[PDB]
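**Q**
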Amino acid sequence: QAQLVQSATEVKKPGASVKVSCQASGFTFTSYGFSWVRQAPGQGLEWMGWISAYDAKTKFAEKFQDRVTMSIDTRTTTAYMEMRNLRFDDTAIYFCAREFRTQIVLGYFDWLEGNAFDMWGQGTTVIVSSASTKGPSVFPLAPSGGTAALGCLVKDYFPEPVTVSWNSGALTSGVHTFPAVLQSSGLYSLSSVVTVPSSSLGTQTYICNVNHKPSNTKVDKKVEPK
Amino acid sequence: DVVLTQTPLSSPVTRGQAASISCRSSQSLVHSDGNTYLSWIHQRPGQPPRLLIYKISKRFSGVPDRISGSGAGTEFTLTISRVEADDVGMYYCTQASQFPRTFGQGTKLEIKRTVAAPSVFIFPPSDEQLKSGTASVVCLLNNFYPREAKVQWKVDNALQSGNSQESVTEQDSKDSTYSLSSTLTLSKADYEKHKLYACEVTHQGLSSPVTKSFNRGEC
Amino acid sequence: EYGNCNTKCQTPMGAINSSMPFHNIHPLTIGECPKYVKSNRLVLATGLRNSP
Amino acid sequence: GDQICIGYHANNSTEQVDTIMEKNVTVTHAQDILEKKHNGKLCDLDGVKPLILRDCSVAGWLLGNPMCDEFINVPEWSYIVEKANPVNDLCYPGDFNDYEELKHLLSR
Amino acid sequence: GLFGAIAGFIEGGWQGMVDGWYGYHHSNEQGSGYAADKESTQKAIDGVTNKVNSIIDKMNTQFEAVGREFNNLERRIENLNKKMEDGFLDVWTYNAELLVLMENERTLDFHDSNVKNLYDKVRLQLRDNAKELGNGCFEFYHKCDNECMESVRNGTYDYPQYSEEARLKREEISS
Amino acid sequence: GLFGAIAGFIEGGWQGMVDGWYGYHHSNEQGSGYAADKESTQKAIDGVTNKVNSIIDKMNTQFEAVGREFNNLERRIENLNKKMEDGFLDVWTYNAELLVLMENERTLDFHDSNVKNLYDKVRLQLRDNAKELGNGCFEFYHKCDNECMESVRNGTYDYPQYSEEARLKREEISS
Amino acid sequence: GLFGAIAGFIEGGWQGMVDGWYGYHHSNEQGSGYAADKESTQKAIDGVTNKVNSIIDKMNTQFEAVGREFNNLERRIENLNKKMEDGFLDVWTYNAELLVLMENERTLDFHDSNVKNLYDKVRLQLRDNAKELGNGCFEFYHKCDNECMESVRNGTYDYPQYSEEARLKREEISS
Ligand SMILES: *[C@@H]1O[C@H](CO)[C@@H](O[C@@H]2O[C@H](CO)[C@@H](O)[C@H](O)[C@H]2NC(C)=O)[C@H](O)[C@H]1NC(C)=O
Ligand SMILES: *[C@@H]1O[C@H](CO)[C@@H](O[C@@H]2O[C@H](CO)[C@@H](O)[C@H](O)[C@H]2NC(C)=O)[C@H](O)[C@H]1NC(C)=O
Ligand SMILES: *[C@@H]1O[C@H](CO)[C@@H](O[C@@H]2O[C@H](CO)[C@@H](O)[C@H](O)[C@H]2NC(C)=O)[C@H](O)[C@H]1NC(C)=O
Ligand SMILES: *[C@@H]1O[C@H](CO)[C@@H](O[C@@H]2O[C@H](CO)[C@@H](O)[C@H](O)[C@H]2NC(C)=O)[C@H](O)[C@H]1NC(C)=O
Ligand SMILES: *[C@@H]1O[C@H](CO)[C@@H](O)[C@H](O)[C@H]1NC(C)=O
Ligand SMILES: *[C@@H]1O[C@H](CO)[C@@H](O)[C@H](O)[C@H]1NC(C)=O
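Chains as they are written, first to last, in the working numbering: chain A, 1 to 226; chain B, 227 to 445; chain C, 446 to 497; chain D, 498 to 605; chain E, 606 to 780; chain F, 781 to 955; chain G, 956 to 1130.
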């Protein structure tokens, strides 16, 4: 099936550079062009430039004109995007979007190979931070008839993400694993909460399972009433 | 450059009702072939965008006939005629008849449900965290709507400022509610120099501000 | 008079904001301009002879 | 007997083109490659505003002809726009030495 | 035209074929209908696109400022500039005009060739399993339902399968 | 040539056909003779006329006065003018020369195509009522008097009328 | 391509034919093998040579000295020279680029035509003494040793000699 698969995430330091790839498969690579589009945390989509897989011809955005370079390898049906001089602002997801192969199009019939932004890659996260890989500290959030609320505080880790589960994935409803925040220190932190019956405390053992894939740091922490 | 002015930025819509998103271009988008390459894309949280409409009004493969595009010239309109949970996310109008390419600011669709007030909960910092030198005092607003809320931290009746971050969940599929988490961040020094920690919450679903609180060391 | 726009190519009669290879507007241009011709109509065929 | 035919497209186009050997040939699709449209105003050129002198010559503006109101002191421009016959050149009659070359210096 | 097909042995095009540049019209027991050939239409749209884009692309565009900077005692340089200015306009006007006239002939001959090649593609598939009516149509010597017509249109027609049925109908016409 | 007819499967042209560019030579009981095809000759003369006229028409001609107006201390401008003058002559000399070389090839291929198309026109009329000798001639399987030859030459040949007489002569050759 | 032969009804060329541009591959009792057709390869190499030589020859080359001879108070002439210099580079860059693009299409169509014409040359020699397989090959209805294959390749094939043997094999296939 026709698809675009981008490269894995990149953790880079300020001043460094990154080269995200996008591999086409299942369609004629040279029948298409490719726009690069980014999504910064909380921000809307931002066009970065375009490159024809037929021509090698480029088109550029004002903001990235200088520090971005696009290229193409027709033997591995792969499009690339290189960014020089990485900044913090550059922390973002970078999408590779399929588009027109030429700037003048004769779209005279509707089924023709064309249609802009009809196929997207899964995205590549580039993180730009002069912090370094760190496993989280995991602290309990202790509960007080009624609906009881408890949870875990997964703190001071890097990079994203952390997965959180409860009792080896046994408890799922009631749960809320929050999106992480970036602290002033440069490390991320989140908390995972779950509501349960008051008549469970002491009767039921509640443990949050915290995995941080980037450092291979696994931690299970039981939450006891206080 | 072509500017695309998308409106509104925020689109609460009750399940079953219609949503109507507007896109105005600074300038004609008719390409040299007669076609106007004004498109709509949609982005669910945690996924790549997917094409909904191309050429003003044509449905991409897979797209229901309840999703609908219209317009001419410089005013374009996407309507979604009976909204579901899977319709929530960001919507962008986009143009590819000209370089540079342009996107709209974005429109966030969201399910509008009956107002539901948050179950609030405060959490003292564990003894383990007081050993490492810093203090996390967590406030939870569980399962509310609408999104707009105000957390205010108080330490011995003194409003805090610029020492806490909050994170909000994505809207829930079944009950369309949010949760929000405010985290007060202090030193072991400053934590043991006060007694009363209180969390005060203003929401539409409450008539009076609700306050959960605790005294240090008394649990 | 000034009209708060931007071009790559500027004509005494007004601005040309376009990427065609020829234009017939005015010779006394300033910018990255199309090539000036004394022509009313330069039209390339793309489709076929039309019926009947 | 059952049939299959090969054929080609036709439509309601009235777009006409010429060839070396024929004129006014109607075709299904065509493409203009001649720009004929202008916005009818003076714009910035690559992000830099022009210096528009309404009723003044370059000489009037430079020397400070009292009818040539002291300009907003635009610190940078891309080109200069003079009227065809500026009313306010030299108010006291005379000559400007190497004027045309100074004007070309001050163009941008 | 050069290739003899368009406005030649195929008289006139088809208003009823909306979805492509070249294609087919079938007629059998189930009913008649039009179908665009997408391989040859897409190829052609690729070529013509490329043609148009090159005519525009390959133009080299530089920054030039052109005005009238010479005074009343520099009429000889002003005339040197006029001869230059006017000279380039004569060149570009002639090249543009002839370029368009000449590539317009080649584009129409391209379509002619594309149509003739498609006819030859079906010709070579059907062989003697069909009569060649000479107006761009083939009269089949066998029964050809919709799945058979699709096989002609997508280049997988099975000559052997229908070969016998066909020759019995050809033998029969020899009476 | 490109279309294989002129100086190809038709070896050499006809001195004896004075009244047109392309035509016929018939041979029957009444006698032989040459006849110009006027439709295809007039079409071709229309196209080539149009070609010639456009190559001349489309040239834009302005008034220019060119002399040597610079003095002995203006050699640098005089050389700027020479570079300009010489530059345009190099351009016009190359374009004219290639234009002629290139349109001369297309004109001869045009004639080739015109002749091949005419052959195909008669081919499609006669079908199997005549043998195809392969040198540009058709040997008729029936008796074809002058009014029959005229019907071939003006595109109204009646295949049905002679169809039976023809197949009896083809059947007969199978002995 | 325009003529339907190269990368059309003949799919792909022949790595094994080292000694020419177009030619033959035979297959009989004695063995198979490749042979270049020298008449049509030499003709084509004549044409393409002539093409290349003309594109180079016809350029008119004059002596020109181009420098920067104007001082700091002659910027207006210096700009007249720049407009001139830059103008001719835009002209020559566009013409060269399009000339190459356009004559590259004609050269490839030339080869296409040359191959189609050769196929038609063998077609016209063999007539019905061979079946036409439609992929560029002829299946012979008779036994054709090496001296027979040479006669096809050098344009002296004797149809009459093999004509009877052939029709007995065609009659036989009608069972
Ligand atoms: C015409 O073209 C120019 C670009 O050459 C456009 O100018 C851009 O847009 C605004 C001004 O309208 C500037 O602030 C940008 O910096 C320009 N971008 C550049 C130089 O890359 C202009 O918008 C276009 N005008 C129209 C009507 O389409
Ligand atoms: C070409 O068209 C043929 C005819 O429909 C296709 O072959 C048939 O496909 C249908 C599916 O609609 C099947 O039910 C039949 O079993 C197929 N028939 C045969 C004889 O194979 C075929 O898929 C098409 N091929 C290509 C390459 O487009
Ligand atoms: C084409 O030529 C034919 C053959 O001569 C013409 O038809 C005949 O015209 C003669 C007049 O000289 C009549 O005596 C015959 O009765 C006609 N015969 C038939 C069978 O019709 C015909 O007029 C010509 N048509 C065109 C369109 O040029
Ligand atoms: C074309 O090839 C044929 C076939 O070989 C040549 O004719 C034969 O030439 C051989 C010499 O190798 C003789 O032994 C035979 O007697 C010839 N056979 C016939 C039937 O003539 C012929 O010389 C070649 N002709 C040209 C013009 O190249
Ligand atoms: C040509 O036909 C189409 C058929 O849908 C129609 O939309 C169009 O209006 C017609 N003609 C013109 C000149 O627009
Ligand atoms: C032929 O072209 C001219 C202008 O080029 C136009 O005025 C005229 O109406 C055209 N004729 C037809 C039949 O379209």
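In this text, a Cβ means the ideal position worked out from N, Cα and C, and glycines have one as well.
(1) Name, in chain order, the residues that DSSP records as bridge partners for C742 of chain E.
(2) Tell me which residues of the region 508 to 538 of chain D have at least one Cβ-Cβ distance to chain F shorter than 9 Å, keeping chain order.
(3) Within its chain, find whatever has a CB closer than 8 Å to the CB of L957 of chain G; leave out the 5 residues flanking it on each side and keep chain order.
(4) Can a CB atom of chain H be found closer than 9 Å to the CB of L559 of chain D?
(5) Go ahead and pull the three-state DSSP assignment for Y576 of chain D.
(6) Around ligand 4, what residues have a beta-carbon under 6 Å from a heavy atom of it, in chain order?
(7) Could you give the distance in angstroms between the alpha-carbon of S484 of chain C and the alpha-carbon of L255 of chain B?
(8) In this structure, what does DSSP give as the bridge partners for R250 of chain B?
(9) Is it buried or exposed for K748 of chain E, if we count other Cβ within 10 angstroms and need 16 for buried?
(10) Can you find a C-beta in chain E that's less than 9 Å from the C-beta of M465 of chain C?
(11) Report, in whole angstroms, the separation of the C-beta atoms of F117 of chain A and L230 of chain B, which I expect to be a contact under 8 Å.
(12) Check each residue of the region 790 to 814 of chain F: if its Cβ is closer than 8 Å to any Cβ of chain G, include it; give the result in chain order.
(13) Suppose you measure from the CA of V832 of chain F to the CA of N686 of chain E; what does that come to, to the nearest Å?
(14) Grouping DSSP H, G and I as helix and E and B as strand, with all else coil, what is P940 of chain F?
(15) What three-state label does DSSP hand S718 of chain E in the structure shown?
(16) Between the alpha carbons of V671 of chain E and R1031 of chain G, how many angstroms are there, rounded?
(17) If contacts are defined as beta-carbon pairs under 8 Å, then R728 of chain E and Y746 of chain E qualify, I think. What distance do you get, rounded to the angstrom?
(18) Taking only beta-carbon positions, decide if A490 of chain C is within less than 9 Å of chain E.
(19) Measure the beta-carbon distance from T300 of chain B to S265 of chain B and round it to whole angstroms, keeping in mind my assumption that it falls under 8 Å.
(20) In terms of alpha-carbon separation, which member of A:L187, A:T28, A:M83 lies closest to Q1 of chain A?
(21) I believe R101 of chain A touches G26 of chain A by the beta-carbon criterion, under 8 Å. Please report the beta-carbon distance rounded to the nearest angstrom.
(22) Quick one: does the C-beta of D763 of chain E sit closer than 8 Å to a heavy atom of ligand 2?
(23) Looking at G15 of chain A: is its Cβ nearer than 9 Å to the Cβ of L112 of chain A?
(24) When we look at the beta-carbon of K600 of chain D and count the other beta-carbons within 10 Å, is it buried (16 or more) or exposed?
(25) Assuming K221 of chain A and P140 of chain A make a contact with CB atoms under 8 Å, what is their CB distance in whole Å?
(26) Could you list which residues in chain G have their beta carbon closer than 8 Å to that of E597 of chain D, in chain order?
(27) Tell me whether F139 of chain A sits in a helix, a strand or coil according to DSSP, three-state version.
(28) With respect to 8 Å, is the separation between the Cβ of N521 of chain D and the closest non-hydrogen atom of ligand 6 below this value?
(29) Against chain B, does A2 of chain A count as a neighbour if the rule is that its beta carbon must be under 9 Å from one of theirs?
(30) Can you check the region 1003 to 1091 of chain G for any alpha helix (DSSP H) of at least 4 residues that lies completely inside it and give the ranges in chain order?
(31) Measuring only the C-alpha atoms, how far is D227 of chain B from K863 of chain F?
(32) What runs of the beta strand (DSSP E), each 3 residues or longer, lie entirely inside the region 121 to 175 of chain A?
(33) Among the candidates A:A53, A:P197, A:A131, A:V68, whose CA atom is the shortest distance from the CA of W47 of chain A?
(34) Tell me the DSSP secondary structure of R276 of chain B in three-state form.
(35) Counting only the same chain and skipping the five closest in sequence on each side, list residues whose C-beta sits under 7 Å from that of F64 of chain A.
(36) What distance in whole Å lies between the Cβ atoms of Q23 of chain A and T77 of chain A, which are believed to be in contact at a cut-off of 8 Å?
**A** Once the coordinates are examined:
(1) DSSP lists D:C502 as partners of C742 of chain E.
(2) If the cut-off is 9 Å between Cβ atoms, the region 508 to 538 of chain D has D515, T516, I517, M518, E519, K520 near chain F.
(3) Only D1064, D1067, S1068 meet the Cβ criterion.
(4) The structure shown contains no chain H; its protein chains are A, B, C, D, E, F and G.
(5) Three-state DSSP puts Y576 of chain D in coil, outside helix and strand.
(6) Matched residues: G:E1102, G:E1105, G:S1106, G:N1109, G:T1111.
(7) Using only the alpha carbons, I get a separation of about 26 Å.
(8) For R250 of chain B, which the question treats as bridged, DSSP gives the partners B:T231, B:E301.
(9) Residue burial is scored here from C-beta neighbours: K748 of chain E has fewer than 16 other C-beta atoms within 10 angstroms and is therefore classed as exposed.
(10) Chain E contact via Cβ: present.
(11) In this structure, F117 of chain A and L230 of chain B do not form a Cβ contact; the two beta carbons are roughly 13 Å apart against a cut-off of 8 Å.
(12) Residues passing the 8 Å Cβ filter: none.
(13) Going by the C-alpha atoms only, they are around 32 Å apart.
(14) Correct three-state label for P940 of chain F: helix.
(15) In the three-state reduction of the DSSP assignment, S718 of chain E falls in the helix class, which pools H, G and I.
(16) Whole-angstrom Cα-Cα distance: 11 Å.
(17) Actually they are not in contact, since the Cβ atoms of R728 of chain E and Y746 of chain E sit about 14 Å apart, beyond 8 Å.
(18) It does; some Cβ of chain E falls within 9 Å.
(19) That pair is no contact at about 15 Å.
(20) With respect to the C-alpha of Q1 of chain A, the residue from A:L187, A:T28, A:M83 having the closest C-alpha is A:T28.
(21) In fact, because the Cβ distance is near 17 Å, the residues do not count as touching under 8 Å.
(22) Within the cutoff, so yes.
(23) Their beta carbons are not under 9 Å apart, which means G15 of chain A does not touch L112 of chain A by this criterion.
(24) Note on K600 of chain D: 16 or more other CB atoms within 10 angstroms of its CB, so buried under the neighbour-count rule.
(25) The C-beta distance from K221 of chain A to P140 of chain A rounds to 6 Å, short enough to meet the 8 Å contact threshold.
(26) Per Cβ cutoff of 8 Å: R1031.
(27) DSSP places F139 of chain A in the strand class (E or B) of the three-state scheme.
(28) Correct: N521 of chain D has its Cβ closer than 8 Å to ligand 6.
(29) No, because no Cβ of chain B sits closer than 9 Å to the Cβ of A2 of chain A.
(30) You should have 1030 to 1081.
(31) Those two C-alpha atoms are separated by around 41 Å.
(32) List check, beta strand (DSSP E) in window: 124 to 128, 137 to 141, 147 to 157, 163 to 166.
(33) Measuring from the Cα of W47 of chain A, the nearest candidate turns out to be A:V68.
(34) Here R276 of chain B sits in strand by DSSP.
(35) Result list for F64 of chain A: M48, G49, in chain order.
(36) Indeed, because the Cβ distance is near 6 Å, the residues count as touching under 8 Å.
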